[PDB]
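A.B. asks: Quick one: the structure is below, and I'll ask about it shortly.
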Amino acid sequence: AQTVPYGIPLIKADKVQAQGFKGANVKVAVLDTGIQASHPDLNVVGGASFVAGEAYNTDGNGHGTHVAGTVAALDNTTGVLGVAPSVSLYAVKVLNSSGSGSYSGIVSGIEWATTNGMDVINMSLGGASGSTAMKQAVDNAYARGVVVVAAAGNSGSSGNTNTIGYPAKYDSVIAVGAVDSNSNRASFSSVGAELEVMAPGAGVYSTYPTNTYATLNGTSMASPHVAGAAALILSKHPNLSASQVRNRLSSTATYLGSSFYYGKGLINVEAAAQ
Amino acid sequence: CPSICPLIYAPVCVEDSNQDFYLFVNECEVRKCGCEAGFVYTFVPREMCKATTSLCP
């Protein structure tokens with residue numbers, strides 16, 4: 001009775017999983033509202049909390065559990081299936097139960113992931129402006145060899161205005177926009193020169209507290225498909241650098257139109273993992 | 001005041017102190033605007049807003 005969300009076959013993650021590559025030996029950190037570790041479809045093997053009074057393995061918001069499910073929901077005969085179901089999943093709590101976060105909280109989480117041997121970082125979060133400490137943190141993570149992925153933003157389009165937020169706007173970070181089930185750009189998906197790739201972000205069905213599921217919209221939903229795709233590539237080719245994984249994702253993307261609206265296009269992990 | 005929000009798209013319509021209507025990408029963004037800028041708002045039905053989103057005025 002396992003549910004396969006449309007996003008899994010759309011990015012061709014089912015084709016890579018059928019090859020026997022499911023993210024084994026790859027460590028992915030989800031920097032978010034935490035993860036409901038007690039959810040049957042999620043195996044959280046570590047992490048850290050930078051939110052006072054809250055442990056990393058609980059999620060009082062829901063957002064982080066949903067994002068984690070897209071990356072890593074277990075391949076079992078029930079529940080939902082994630083992009084890279086054999087990944088080692090780490091919950092890095094940088095957002096509180098209301099969804100809000102500080103720059104120091106996000107920096108602390110980025111640094112923890114870098115120091116703790118994470119292969120991939122997912123950041124389904126953003127702001128209109130970044131900070132010197134955040135730019136340093138993502139530059140260090142990427143230089144160390146971490147594939148850094150973030151939601152581009154949900155500010156849509158307004159003529160020629162660049163609507164990409166931070167950390168997605170940083171050169172060291174992959175900015176991910178959103179498409180629907182017909183591979184059309186979602187109207188809310190942010191646009192700009194920094195837009196790198198697209199992934200499913202409309203009506204994404206995933207894990208949600210407590211022991212349930214939810215259908216959500218956002219570039220927050222698109223970002224984990226790319227983080228998960230990076231992990232599938234790395235389980236197949238473990239010796240690749242972060243730059244090499246990043247170029248594999250952008251160079252093999254399905255062209256959809258102008259780079260301003262779609263970046264390189266929709267990720268195709270089967271082609272990326274060749 | 002919290003500077004970072006999740007990138008969930010769950011738009012909400014608010015009415016400012018100057019009686020103008022703004023559609024924010026989510027409740028977190030409305031709260032951020034209120035905290036950082038001292039912005040005054042009240043939630044109202046979606047129909048009061050334009051179909052497109054606005055940033056913190």
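Just remember, in the structure tokens the first chain shown is A, the second B, etc., residues are 1-based per chain, and ligands are 1-based in the order shown.
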Would you pick out the contacts of residue B:56 at 8 Å or less, using only C-alpha atoms, so that residues sharing its chain but fewer than 4 positions from it are not included, and give the list as a list in words?
C.D. replies: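 Listed by chain and then number, they are residues 29, 30 and 33 of chain B.
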A.B. asks: Mind dumping the selected residues with N, CA and C atoms as a short mmCIF file (atom, residue, chain, number, x, y, z; two decimals), in the first residue's frame?
C.D. replies:
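result_30.cif, written as the output of this step:
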data_model
loop_
_atom_site.label_atom_id
_atom_site.label_comp_id
_atom_site.auth_asym_id
_atom_site.auth_seq_id
_atom_site.Cartn_x
_atom_site.Cartn_y
_atom_site.Cartn_z
N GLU B 29 5.89 35.32 7.38
CA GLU B 29 6.33 36.58 6.75
C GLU B 29 5.57 37.80 7.29
N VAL B 30 4.25 37.64 7.56
CA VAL B 30 3.43 38.73 8.14
C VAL B 30 3.99 39.09 9.52
N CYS B 33 7.39 41.02 9.43
CA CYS B 33 7.12 42.41 9.06
C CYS B 33 6.65 43.20 10.30
#
A.B. asks: Where does DSSP see strand (DSSP E) in stretch 57-128 of chain A, if you list the residues as a ChimeraX atom specification?
C.D. replies: /A:88-93,120-123,125-126
A.B. asks: Put those residues in a file: C-alpha atoms, as a PDB file, in the first residue's frame.
C.D. replies:
ATOM      1  CA  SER A  88      21.387   8.615   6.681  1.00  0.00           C
ATOM      2  CA  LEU A  89      19.021  11.472   7.690  1.00  0.00           C
ATOM      3  CA  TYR A  90      20.055  14.196  10.151  1.00  0.00           C
ATOM      4  CA  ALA A  91      17.659  16.692  11.747  1.00  0.00           C
ATOM      5  CA  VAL A  92      19.295  20.102  12.284  1.00  0.00           C
ATOM      6  CA  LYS A  93      16.737  22.221  14.133  1.00  0.00           C
ATOM      7  CA  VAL A 120      24.281  17.342   1.523  1.00  0.00           C
ATOM      8  CA  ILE A 121      22.517  20.267   3.238  1.00  0.00           C
ATOM      9  CA  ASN A 122      18.854  21.141   2.535  1.00  0.00           C
ATOM     10  CA  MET A 123      17.557  24.603   3.488  1.00  0.00           C
ATOM     11  CA  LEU A 125      13.934  28.500   4.205  1.00  0.00           C
ATOM     12  CA  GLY A 126      14.859  32.015   3.336  1.00  0.00           C
TER      13      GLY A 126
END
A.B. asks: Write out as a PyMOL selection string which residues come within 12 Å of residue B:19 when counting only C-alpha atoms, dropping same-chain ones fewer than 5 positions away.
C.D. replies: chain B and resi 14+40-44+48-49
A.B. asks: For chain B, which residues have at least one atom within 10 Å of chain A, if we go by only C-alpha atoms? Write them as a JSON list (two decimals) with N, CA and C atoms, in the first residue's frame, please.
C.D. replies:
[["chain", "number", "residue", "atom", "x", "y", "z"],
["B", 1, "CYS", "N", 14.07, 39.89, 16.74],
["B", 1, "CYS", "CA", 13.00, 39.50, 15.82],
["B", 1, "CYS", "C", 13.46, 38.46, 14.79],
["B", 2, "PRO", "N", 12.66, 37.39, 14.56],
["B", 2, "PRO", "CA", 13.05, 36.33, 13.61],
["B", 2, "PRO", "C", 13.16, 36.76, 12.16],
["B", 3, "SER", "N", 14.36, 36.58, 11.59],
["B", 3, "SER", "CA", 14.73, 36.99, 10.24],
["B", 3, "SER", "C", 14.50, 35.95, 9.16],
["B", 4, "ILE", "N", 14.33, 34.67, 9.54],
["B", 4, "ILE", "CA", 14.19, 33.58, 8.58],
["B", 4, "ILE", "C", 12.85, 32.91, 8.74],
["B", 5, "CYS", "N", 12.20, 32.58, 7.61],
["B", 5, "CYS", "CA", 10.92, 31.87, 7.57],
["B", 5, "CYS", "C", 10.99, 30.61, 6.69],
["B", 6, "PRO", "N", 10.12, 29.58, 6.90],
["B", 6, "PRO", "CA", 10.13, 28.43, 5.98],
["B", 6, "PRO", "C", 9.57, 28.86, 4.63],
["B", 7, "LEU", "N", 9.95, 28.18, 3.55],
["B", 7, "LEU", "CA", 9.47, 28.57, 2.23],
["B", 7, "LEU", "C", 8.24, 27.81, 1.77],
["B", 8, "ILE", "N", 7.25, 27.72, 2.67],
["B", 8, "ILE", "CA", 5.96, 27.12, 2.39],
["B", 8, "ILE", "C", 5.12, 28.22, 1.77],
["B", 9, "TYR", "N", 4.36, 27.89, 0.74],
["B", 9, "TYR", "CA", 3.49, 28.88, 0.12],
["B", 9, "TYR", "C", 2.09, 28.61, 0.66],
["B", 10, "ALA", "N", 1.63, 29.47, 1.56],
["B", 10, "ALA", "CA", 0.29, 29.36, 2.18],
["B", 10, "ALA", "C", -0.18, 30.81, 2.34],
["B", 11, "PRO", "N", -0.54, 31.49, 1.21],
["B", 11, "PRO", "CA", -0.81, 32.93, 1.30],
["B", 11, "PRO", "C", -1.96, 33.33, 2.19],
["B", 24, "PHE", "N", 0.54, 38.16, 1.79],
["B", 24, "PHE", "CA", 1.88, 37.71, 2.15],
["B", 24, "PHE", "C", 2.00, 36.22, 1.80],
["B", 25, "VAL", "N", 3.22, 35.74, 1.49],
["B", 25, "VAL", "CA", 3.42, 34.34, 1.11],
["B", 25, "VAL", "C", 2.98, 33.31, 2.18],
["B", 26, "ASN", "N", 3.03, 33.70, 3.46],
["B", 26, "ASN", "CA", 2.61, 32.91, 4.61],
["B", 26, "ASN", "C", 2.53, 33.76, 5.88],
["B", 27, "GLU", "N", 1.95, 33.19, 6.97],
["B", 27, "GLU", "CA", 1.83, 33.86, 8.26],
["B", 27, "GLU", "C", 3.18, 34.23, 8.84],
["B", 28, "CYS", "N", 4.23, 33.38, 8.67],
["B", 28, "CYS", "CA", 5.56, 33.71, 9.19],
["B", 28, "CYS", "C", 6.06, 35.06, 8.68],
["B", 29, "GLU", "N", 5.89, 35.32, 7.38],
["B", 29, "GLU", "CA", 6.33, 36.58, 6.75],
["B", 29, "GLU", "C", 5.57, 37.80, 7.29],
["B", 31, "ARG", "N", 4.23, 38.06, 10.37],
["B", 31, "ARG", "CA", 4.77, 38.21, 11.73],
["B", 31, "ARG", "C", 6.14, 38.88, 11.75],
["B", 32, "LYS", "N", 6.99, 38.55, 10.75],
["B", 32, "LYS", "CA", 8.34, 39.08, 10.61],
["B", 32, "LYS", "C", 8.26, 40.60, 10.38],
["B", 52, "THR", "N", -1.92, 38.34, -6.34],
["B", 52, "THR", "CA", -0.45, 38.31, -6.25],
["B", 52, "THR", "C", 0.03, 38.76, -4.87],
["B", 53, "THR", "N", 1.24, 38.32, -4.51],
["B", 53, "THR", "CA", 1.85, 38.60, -3.22],
["B", 53, "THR", "C", 2.67, 39.88, -3.18],
["B", 54, "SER", "N", 2.77, 40.48, -2.00],
["B", 54, "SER", "CA", 3.53, 41.70, -1.78],
["B", 54, "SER", "C", 4.54, 41.47, -0.68],
["B", 55, "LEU", "N", 5.62, 42.26, -0.69],
["B", 55, "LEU", "CA", 6.65, 42.18, 0.33],
["B", 55, "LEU", "C", 6.31, 43.17, 1.44],
["B", 56, "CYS", "N", 7.00, 43.07, 2.59],
["B", 56, "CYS", "CA", 6.79, 43.94, 3.74],
["B", 56, "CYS", "C", 6.88, 45.44, 3.35]]
A.B. asks: Restricting the calculation to only C-alpha atoms: of A:146, A:84, A:195, A:179, which residue gets closest to residue A:21?
C.D. replies: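 Between A:146, A:84, A:195, A:179, the residue approaching residue A:21 most closely is A:84.
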A.B. asks: Near stretch 45-47 of chain B, counting only C-alpha atoms, which residues have an atom at most 8 Å away, once you skip same-chain residues fewer than 5 positions from it, shown as a VMD selection string?
C.D. replies: chain B and resid 12 to 13 23
